[PDB]
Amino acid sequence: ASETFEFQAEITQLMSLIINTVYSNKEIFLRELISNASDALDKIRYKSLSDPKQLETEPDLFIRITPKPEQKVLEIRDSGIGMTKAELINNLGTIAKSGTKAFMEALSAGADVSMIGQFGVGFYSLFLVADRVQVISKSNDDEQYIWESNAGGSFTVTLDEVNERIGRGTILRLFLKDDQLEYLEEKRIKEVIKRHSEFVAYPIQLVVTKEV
């Protein structure tokens, strides 16, 4: 069962700009996604204090990055609180309206794209290196769902029936642009991670497949 929704105008406009903008330091995208993953983890951690049973679906709290060269895909996973179907719809397709509108105005005034995080809409920076994204999420309060968008003004939400079932959390599956495959490389990914992840209180796992 697939369902389609339209983004709030302001969000679509920001996405159009980001996916086409010529930025020379696109690696900032990872910083934003790592920060969001950390926030999701803090949320499940906090809630587990009085309700530890919430952790049983996925006992370990972590962030995991897995590049998939064969598919020109980069996955950023966290075992955070996750998002129900309603949360995916609202969080990624509506609530960012004000932040995106303000950031667009900031950019028009000369702001740098690296300021996106200051406006609470860092998520959309992924379109600097990807032309399509699948958000696979599993909240303890709902079934596993897939949110997907290619920056076409609309997005779809589908009951996950093809991906691996995760205990709890969210996976950002980025379909990298042909000229942004450097982020599939271990060395490159490692340097980008260490450059801004000093604050992360959770372990950041890197899964790489190398031939011996």
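Take the two forms, superpose them, and find the largest set of C-alpha atoms that agree within 1.5 Å; that set is the rigid core. Numbers follow the displayed sequence, beginning with 1.
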Quick one: with the core lined up, is it 105 to 113 or 137 to 145 that wanders further in 6 other deposited structures of this protein, going by C-alpha RMS? 105 to 113
Is the larger C-alpha RMS shift in 6 other deposited structures of this protein, relative to this form with the rigid core superposed, found in 125 to 133 or in 93 to 101? 93 to 101
Mean CA temperature factor from the deposited coordinates, higher in 31 to 39 or in 162 to 170? 162 to 170
The stretch carrying the higher mean Cα B factor in the deposited entry, 121 to 129 or 138 to 146, is 138 to 146
Mind checking which third residue 205 falls in for C-alpha B-factor across the chain? middle
Comparing residue 102 with the other modelled residues of its chain, is its CA B-factor in the lowest, middle or highest third? middle
Residue 76 CA temperature factor, ranked by third within the chain: lowest
Ranked C-alpha temperature factor of residue 50 among modelled chain residues, by third: highest
Per the entry's values, where does residue 180 land by CA temperature factor relative to the rest of its chain, in the lowest, middle or highest third? middle
